[PDB]
Amino acid sequence: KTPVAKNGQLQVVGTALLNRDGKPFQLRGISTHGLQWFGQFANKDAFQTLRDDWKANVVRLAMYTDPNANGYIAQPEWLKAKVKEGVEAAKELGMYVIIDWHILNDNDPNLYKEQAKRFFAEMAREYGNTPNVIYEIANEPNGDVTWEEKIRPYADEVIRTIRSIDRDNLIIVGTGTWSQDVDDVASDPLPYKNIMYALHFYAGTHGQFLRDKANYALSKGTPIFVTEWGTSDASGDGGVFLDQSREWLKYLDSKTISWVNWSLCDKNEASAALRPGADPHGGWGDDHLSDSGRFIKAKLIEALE
Ligand SMILES: [Ca+2]
């Protein structure tokens, strides 16, 4: 029985994500790399391998926005079509699916706020009628871009647009310093239904100092969802950090915090789950899973156990 058939319409109560029966529920899965670069993996066959064999219950569609990255602003119809294919695939498989407005070098989400509103309004009219879709409205605010000054104002307007159409599907809002500054949200939280706040980390870079920030946020009532994390270090030059990854996943499991690994592609970098040449349509043998991918697959299987 599929994840969506078993869990239905999710709800946020306090810090906690719950399923349709009010039971605590953890989403676990993996993100595409940028759809403009590694979109070949965002298909129903790859996703079925993730569901059936890896035991993932969520996928994330990383739609870069920055036109210099060949993001949505440079080629909106072509990228929107990829997002739709990804969402339709997830719907057919009964998986949850995150539509990620993947800001990064465009470090202030306000830069493309009008485009974000129109895009998410469309996504909500198309997909807001079933439980699957999750709207991630600003991947990683960074630089001099704070909760009070820039992120919350952006989020309030985009959330009002979404909530005028889709009253209940989850919305996840990024936080300052590449979605680290979750401890700033409680100073002025958003008064809408089913909102959670992003925490991102790399196992080779972040440790207890960032877990303390998460705990502080949780203690003030801020719901956290890890929409992106890596097994490598921030630069990616350290190889993989599996004992540090295990420590982080133990922490997230203890708090029933949902998590999404980066990334499902075959780029020659430590955080990529697949080895170069891996089949876009799934069924990956061990030869084409990287050290990171082998670990993530095993952890997902173990969690369902
Ligand atoms: Ca809905």
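Residues numbered from 1 in each chain as written, not as in the entry; some residues may be left out. Heavy atoms only, no water.

X-ray crystallography is the method the PDB entry lists for this structure, together with a resolution of 1.50 Å.

Participant: Got a minute to help me understand the packing of helix α3 (residues 44-54) against helix α4 (residues 76-93) in this structure?
Facilitator: Running from N to C, α3 and α4 point in directions that differ by 40°, and their axes come no closer than 9 Å. On the basis of the axis angle, α3 is oblique to α4. Crossing geometry of α3 relative to α4 is assigned as right-handed. Facing α3, whose interface residues are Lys44, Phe47, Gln48 and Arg51, α4 presents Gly86, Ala89, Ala90, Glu92 and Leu93. The residue inventory of the contact of α3 with α4, partitioned by class, reads four nonpolar, two polar and three charged. (Axes fitted to C-alpha atoms, helices over the stretch in contact; angles between N-to-C directions. Helix = DSSP H or I, 4+ residues; strand = E, 2+ residues; numbered from the N terminus. Parallel < 35°, antiparallel > 145°, perpendicular 65-115°, else oblique. Left-handed = near helix turned anticlockwise from the far one by under 90°. Contact = heavy atoms within 4.5 Å. Nonpolar A, V, L, I, M, F, W, Y, C, P; charged D, E, K, R; others polar.)

Participant: Any chance you could explain the side chain of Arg28 here in plain terms?
Facilitator: Within the secondary structure, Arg28 is located in strand β3 (residues 28-31). Although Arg28 is buried, it forms no salt bridge, and the closest oppositely charged side chain is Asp253 at an N-O distance of 6.1 Å. Sequence-distant contacts of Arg28, defined by excluding residues within four places in its chain, comprise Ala56, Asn57, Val58, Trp259, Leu300, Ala303 and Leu304. (Buried < 20%, exposed > 50% of the residue type's maximum accessible area, 1.4 Å probe, protein only. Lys, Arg positive; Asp, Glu negative; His and termini not counted. Salt bridge = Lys/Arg side-chain N within 4 Å of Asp/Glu carboxyl O.)

Participant: Is there a simple way to explain the side chain of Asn7 in this structure?
Facilitator: Mapped onto the elements, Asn7 comes out in helix α1 (residues 3-7). Here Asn7 falls in the buried class, since its relative accessible area comes to 7%. Once you skip the residues sitting within four places of it in the chain, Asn7 turns out to touch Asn19, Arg20, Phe25 and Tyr96.

Participant: What am I meant to see in the coordination of the calcium ion here?
Facilitator: A metal bound by six donors in octahedral fashion has ideal angles of 90 or 180 degrees, whereas one bound by four tetrahedral donors has an ideal angle of 109.5 degrees. Around the calcium ion, the donor atoms from the protein are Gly128 (O), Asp166 (OD), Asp168 (OD) and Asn169 (OD1), and they sit 2.3 Å away. Of note, the donors binding the calcium ion are all from one chain and are spaced G-x37-D-x1-D-N. Of this pair, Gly128 sits in the loop between α5 (113-127) and β6 (133-136) while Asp168 is found in the loop between α6 (147-163) and β7 (171-173), placing the two residues 40 residues apart along the sequence. With relative accessibility at 17%, the residue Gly128 sits in the buried group. (Donors = N, O, S within 2.8 Å, 3.2 Å for Na, K, Ca; no water.)

Participant: Teacher, can you tell me more about the sheet that holds strand β9 (residues 224-230) here?
Facilitator: Paired through backbone hydrogen bonds, the strands of a sheet run either parallel or antiparallel to each other. Spatial strand order, β3-β4-β5-β6-β7-β8-β9-β10: eight strands in a closed barrel with parallel pairing. Along the sheet, successive strands turn relative to each other by an average axial angle of 25°, direction set aside. Taken together, the three bridges between β7 and strand β8 (residues 195-202) define a ladder with parallel strand orientation. Bridging from a neighbouring strand, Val173 pairs with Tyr197 of β8. (Pairing = 2+ DSSP bridges.)

Participant: Honestly, a negative patch on the surface in this entry has me stumped. Any pointers?
Facilitator: On the surface, a cluster of negative charge is contributed by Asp144, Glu148, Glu149 and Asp184. For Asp144, the position within the fold is in the loop between β6 and α6. Given the relative accessible area of 57%, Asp144 is considered exposed. (Patch = residues over 30% accessible without salt bridge, like charges linked within 9 Å, V, L, I, M, F, W, Y side chains within 5 Å. Areas by Shrake-Rupley, 256 points an atom, 1.4 Å probe, with all protein chains shown as cover. Charge placed at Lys NZ, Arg CZ, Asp CG, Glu CD.)

Participant: Just checking my understanding: could you explain α6 for this structure?
Facilitator: One turn of the α-helix equals 3.6 residues, which is why residues spaced by three or four share an orientation. Helix length check: α6, at 17 residues, gives a terminal C-alpha distance of 20 Å against a target of 24 Å (1.5 Å per residue), a shortfall beyond 12%. Across the 17 residues of α6, 12 count as buried, placing the element largely inside the fold. Among all positions of α6, only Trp147, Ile151, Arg152, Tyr154, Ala155, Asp156, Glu157, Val158, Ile159, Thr161, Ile162 and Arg163 are buried. Those residues of α6 that are buried are in contact with β5 (96-102), α5, β6, β7, α7 (176-179) and β8. (Expected span 1.5 Å × (residues − 1).)

Participant: Explain the environment of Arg160 to me, please; I cannot follow it from the model alone.
Facilitator: Within the secondary structure, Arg160 is located in helix α6. Judged by relative accessible area, which is 43%, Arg160 ranks as partly exposed. On a C-alpha basis, the gap between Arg160 and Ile137 in space is 12 Å, while along the polypeptide they are 23 residues apart. A distance of 2.6 Å separates polar atoms of two side chains, one belonging to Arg160 and the other to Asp156. (Polar contact = N/O pair within 3.5 Å; in protein donor to acceptor, adjacent residues only side chain to side chain.)

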